[PDB]
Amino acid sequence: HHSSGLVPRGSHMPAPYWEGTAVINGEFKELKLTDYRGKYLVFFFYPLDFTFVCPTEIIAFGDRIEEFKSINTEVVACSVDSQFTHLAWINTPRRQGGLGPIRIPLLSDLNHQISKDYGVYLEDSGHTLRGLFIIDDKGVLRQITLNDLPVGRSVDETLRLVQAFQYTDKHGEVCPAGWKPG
């Protein structure tokens, strides 16, 4: 076992509160989970900036961010790097391993509290897993996907699944024919 902030309560799993400094539009801004209340939030942890592994998901979320906003959804990516490294990464061209200009916030988890709360921190290596969390408009966790490679299709799947959760939120559910409660 280890400790984490992912505690089942009631009949749901509330997303743990977080706050920290993010880079938005090239500037530092304090961000918190509660800033996204009333919207779905895709919260994407990735190991580190400036590695030799392409940031496929962040680039694709950035490219498609207007599609998510169109369905009441925001996207925030997070790693244990400082906000100064996030800014430098954005300010480095993609042809040189950088992220380049990006339209989603990069949140800093420098003191590791957020990733420990989300249960994705690796104690030995000092960074997180690659993990995509979908949080609904009530702040409840709906899905976590863990990939060890950068997977571009996970952006498509995220758009599809958010829309599916929202459809379910609104329409409820129907039982199979032939089953009746006792």
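Start at 1 and count along the sequence shown; that's the residue number.
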- Message: When the Cα temperature factors in the entry are averaged, is it 41-49 or 57-65 that ends up higher?
- Response: 57-65
- Decide which of the stretches 136-144 and 149-157 has the higher mean C-alpha B-factor, going by the entry. 149-157
- Query: Hey, what third does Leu107 fall into on Cα B-factor, ranked over its chain?
  - Reply: lowest
- Task: Would you please rank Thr92 by its C-alpha temperature factor against the other modelled residues of its chain and give the third it falls in: lowest, middle or highest?
- Result: middle
- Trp18: C-alpha B-factor third of its chain, per the entry, is the lowest
- Note on the structure: Chain thirds by Cα B factor, record data; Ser82 belongs to the lowest
- Note on the structure: Sorting the chain's modelled residues by C-alpha B-factor and splitting them into thirds places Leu99 in the middle
